[PDB]
Each structure stands twice: as C-alpha cells, then as structure tokens.
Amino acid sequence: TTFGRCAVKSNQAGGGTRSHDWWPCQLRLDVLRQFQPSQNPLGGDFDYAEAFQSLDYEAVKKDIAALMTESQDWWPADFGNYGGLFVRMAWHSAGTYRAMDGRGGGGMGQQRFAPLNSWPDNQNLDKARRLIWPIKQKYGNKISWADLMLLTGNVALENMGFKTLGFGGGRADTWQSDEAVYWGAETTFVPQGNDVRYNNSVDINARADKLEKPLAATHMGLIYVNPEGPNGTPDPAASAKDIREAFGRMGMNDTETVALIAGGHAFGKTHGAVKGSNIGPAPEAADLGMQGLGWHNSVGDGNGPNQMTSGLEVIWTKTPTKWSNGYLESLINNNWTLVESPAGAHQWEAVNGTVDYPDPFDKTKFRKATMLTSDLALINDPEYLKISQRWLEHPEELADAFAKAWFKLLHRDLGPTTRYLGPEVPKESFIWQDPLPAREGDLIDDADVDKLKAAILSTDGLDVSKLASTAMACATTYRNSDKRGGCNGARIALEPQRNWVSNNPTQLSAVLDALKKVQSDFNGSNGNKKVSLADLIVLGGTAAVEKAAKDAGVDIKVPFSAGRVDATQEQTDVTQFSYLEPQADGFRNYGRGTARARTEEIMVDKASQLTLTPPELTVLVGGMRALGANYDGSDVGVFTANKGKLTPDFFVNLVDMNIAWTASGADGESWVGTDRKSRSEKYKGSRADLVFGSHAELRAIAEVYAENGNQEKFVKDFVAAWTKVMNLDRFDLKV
C-alpha cells in the first residue's frame, strides 16, 4: 500500500471508502466531537479533583520510589534504577508543548494513545508506562495517568538527589487520541519528517530560524531536535540553532534550555546496542501478543545489555543515578571525537578520557565519556557557552534554574493555580501561570447582581451589541489545551489585548470606561462588597443577552457566577498573551483565514478549544449576529431587521431561497445576498456566516434553528452556550 492505506481493505467497523476520502478538502467537525462524556469510562459526573483530594499522596510517592529500584525481568533496570527512564518519560510527556497554539504537553496524558505512544522519540517509553502501571492499579481513580507520568519523573529526580520545587496534580485523564493537534503535514517520521516544515530547505544553519509555525520540533516524531545534529549532520553549532528555535517554540529561553538539557542529562543513559533492523513495529503497528508494547528487539531477550532505543550509546556522567555537575564537567573539560555507536549512529567520545563511566549491567566494568551532538551544541553557540561556563563553576545556579524550568515544563499547561492539587504546590507564583490576585472585598450577592445589570444597561455608551461583543471578545481567548485565557482577570483591559485590532480599541476603551464608572459607583457604596471589572464585563454581556431575549418576547434567567478578579499588567506577559490573539474570529466577524487554514476552519478550531459541540457553535454564531455583536459593528452576517433582539433570524434569512449568494472579491471571503425577484442586494456575508448554509452537518443545525416552532428553544440553547463559554476559566468555583 501507499501512504495512509492498508494493504488489506477492511469491510467492517468503518472499512470502505469514506466521505473524507472522496472530498478531502471539505471542513470536518471531528474536532468538536472528541472528549464526549459517553466516551469516558469514568462517567460524565466523575470529579477528578474530588478523587485526587482523597489520594494518599505521600504513599504514592513512597511506592514510586520503591518501584524505581525493583528491577523487572522483562525490562531490567540500568544500574538497578529506572530513574533516568522515568525522568525521560515525564520530560517527553510534557515536552510536546507548543507555546503558540498551546497544544501538546502532559496535561491530557496523551503519551498513552496514538500517535505519541508510537513516535520514534518515544521508543521504549511503552515499557516505562508499563512499569508504573502497578501504581495506577493500586491507587485507581484517585490519580490519573496524566498526573502519574509526571509525578513519577518528579519523584525520580528527588530520589536521585535533586530537590524540586514541588508538584501540582489536577490533570484529568482523556479517553481518545486528540486528533485536533497539527503536528505537521509530513508523511514520514524522523529521520525524514521535515520537508514541509522547512519548505524543502536543506541548508541547516540558514534554515534553523525558519521552522513552520506553530511547530516546535525539527522532525515529525521528535520532541525537540535530532540528537545526531540537523538532518543527522553531526554539526554542534547548527544543532544549537535548532535547539534555540525548538525550545523557543516551547516557551523556553536560553537559561531554561541549558538548565533542562544539562539537568536531565545528569541522569541515565541512551540505548543503542544493536542495529535497528532487529527492532519490530511500534506499538500501534504491533501484533496482539505485544499487548500494547512495541519495538520488540530480537537480539537476546531484547533488553538489558541489548537495549536499543535511539541508536546512540551515551552515558553522560560517572554517577547516572545521582545528581551531580558531571555533565558540564565532561562537556567542557574533555576533548571530543566523532565516533559511531554499536548501532551505527554519530556521537562523540573522549577517546583519551578516563575509563570510569560505569556499565549499566556490570558493576566492575567501565567506559569512556560520551556526548550527543545536541549536547556539544551547548558549547558551540556563544550564548549557550557563556551559560555552560558559568554553571560549570557555579553548579548551584544550574540547580536553581533547573528546578524552576522543570517545574514550568511539568505545569505549563495546567492552567491557573486554582487547578493545582496536592500538598506540595510551590508557593512562588510564576509569570507563565498567568497569575491572579486575591479579590478586593466581599462577594456581590444576587440583589447586587440585579442592581448592577440595571445600572450597566442604563449607562451612556453601552448597548446590547457592544456589551455582548466585548464579553465574547474577552471569553474566547480561552483555550482548553493549556487552560489559558478567558474572562477572569479582565485582561482585555490590559496590554496586549486592549490594543488588538480584533477588539476595536477605540470602541473597547469607551466600553471599559463606562464599566469603570459603574464600578466606581458600586464600590464604596455597598459596604464591604466590591465588584471587579472582570465581573462587570461578563455581567454586562449577560445583562445584554437577558435584555435581548426579553426584547424577543422571552423572559429567561441568564445565570451569572460572580467572583472574577482583575489582573495587573505585571501579571500579564505580552509575549504569552500575543499567542492568544486571533487572526480571524467567527463569533464577531473579524479577519480571515489563509491558504492553509480557511476562515471557517479557524472557527472550528477555536470552537474545539472552547469545548463547543457543533450545535453550541452554531447557536452562538447565529445569536451573535442577531445581537449585532460584530467587532466593528458592521452588518456583515447581520441578517435581521430586529438587531439587538435574540431571534434566530440569522438562520431563517440564511436559508431563504429567495436570496442568491455570490462572491464579491477575488479571495472568496465576502459574499453578497441578492433578492432573486427584486434583484436588489439585501445582505453581505462572510465565510463564517455562509459555512452554516453550506456544510451539510452545520446546515442541518441551522435548519433546526430556522424551523417555525423552535424560537424558544433557540433562546434557551443560546443562553446555555453563552453561560458555558463565559464560565470556562472558572476553576475557582466547584462542580
């Protein structure tokens, strides 16, 4: 078979040519159908946080520590200690994170599913996960796989003599492969897997800063970089440039990068004992006897001294089970020669070095010092060299930076600190956690909420359209992958969001100033009760939705949950927040897509990050149009003569056959609706508008809301979806 095709064509269980085969360019809704409660064996009403709070956390860590030195005959431990392997397992779990889109990381425990379970860089971590299973079996639902993989690495470091800052749990497991992540477009893995992401450039120094966005690895199938140098060329200088690019795409700076690599490579070793032709299929391609494992090695028992993982055979320190400064000392104080491992791969050896690096299965036999090309990178770049030279003589500074970087790596996608669970959460707050202050004052009650809604709606310069638009602009910065963004913090009032062109800065300024007058009037006239700007932004949109429903003939309660706080600019990092800036926004008819992602594809991707189903996406868009909630107040998509009233007029008018739609410019972004009988232009629409009348599955939902009869249902469903979106980041509240 060619790529993506099985040689046997199944006739069961979804076998056969499928719609995506015939029409591969059509928009797919798959990413809005993942992670559904039916699919979760634990039930939709399972509360991980509540289960983890009953965990005997201390006993978990004790049992992990014990397991580190209990070698299992099916995968013997190097030096009698799985620590190194476990550190690698946790670092690869967390290490797929990309800062730009916030995807990857360890927070969904996705290493245990395709494709990550079978990436080349994850070779033999199937064995690592299997070794820790008995811990999961003992503790059951009270620790997730997601938390356990990372806790295991953290405990491993501590038991090998490196004290970490602490740990937070809170990562609920997921139950299917996350097929929403764009890992690249290549049709091959490392050693290939990177023509597309370099746009066919092969000049390894020149291309290193030209890696396709948002990717954070130099080949499909790798965590960050190729350990044998760029495209396998053993040039440490050029490897350094790759490392900078890749780690930068993961949200790490130079200090963090050197700390992580020199910290991690204090421990363990690589494996490259036998040629790769001896290694069987990865877990997703292996036979049923492998029972979820892969890479079966036919030499010997395939393990112990015959272990083959990367094809390199490097032991960095003389004490691979104990924290030390041996990595930097070897790196800088040895002379390096290029040699081949037993499997044939490029590495470096100190061929006149001391013969005192221990063998992993013989306590009396030794070898010379070795390094990877990607380790030599750290003394073949001026910035990395300065850091390496400083830490060579000041290892406490390495230790400090490593502790902080390791914490950040494990917890980058955990979200706000209100998500962090367990008895050793670090007390220090860090900028990457998007910190929030404690609240000013006592919490407003329902009577205060009712008075503030009336005050907001009677304030000059505030109307239903602007209020709803502003609240949604603030809310849709949320992304579920790394739990960043949302309305808490009022970060729309801060840089960079206050200047995002998609927020219409001049309008936003006037809206916020009017909310700050409501705030000033309330605060100080209600005793100890005080209201934040964050709550007023959300309450103003809430009030607008309620009023728009009443003005459509429907009296409905629009729920509001008080208690958001206002971030400071010092808690709001410009670079980090720039990554949340939309290039197109279908809720507010802003912007457009590009060749490789169309306007409506961006919208569906955004909806996946908001955890919206297809019906919730569809009701929100149509309600936002009815509300006149475009970012600049345009009439594009505003297919209603009742603007500000919460009706399904967008749907009704979109599917009216007396309107004919035609393209207005060259790029397919703008569309005109013409009345067929009168020949007069009636409407202007965008792709975000018209996809709901074109995609067969979305149109089926559009038709529900356009049905004579479902008018009350439209309001009910809009209000439910609004409430969901406003509350996504409310981890401070429970249930």
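Note that residue numbering begins at 1 and tracks the sequence as displayed. Think of the rigid core as the biggest set of C-alphas that the two forms share within 1.5 Å after superposition.
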{"item": "More shifted region, core-based fit in 4 other deposited structures of this protein, 524-532 vs 193-201 by CA", "value": "524-532"}
{"item": "More variable segment, 360-368 or 581-589 [Cα RMS over structures in 4 other deposited structures of this protein, core-superposed]", "value": "360-368"}
{"item": "Greater mean Cα temperature factor according to the PDB record, 96-104 or 340-348", "value": "340-348"}
{"item": "Given 724-732 and 1-9, the range whose Cα B-factors average higher in the PDB entry", "value": "1-9"}
{"item": "Selection from 624, 288, 539, 181 [criterion: highest C-alpha temperature factor in the record]", "value": "288"}
{"item": "Top residue by Cα temperature factor, when 81, 152, 174, 278 are compared in the entry", "value": "278"}
{"item": "Assigned third (lowest, middle, highest) for the C-alpha B factor of residue 42", "value": "highest"}
{"item": "Modelled-residue ranking by C-alpha temperature factor, third containing residue 191", "value": "highest"}
{"item": "Position of residue 28 among the chain's modelled residues by C-alpha B-factor, lowest, middle or highest third", "value": "middle"}
{"item": "Entry-reported Cα temperature factor of residue 67, expressed as the chain third it lands in", "value": "highest"}
{"item": "Relative C-alpha B-factor of residue 61, binned into the chain's lowest, middle or highest third", "value": "middle"}
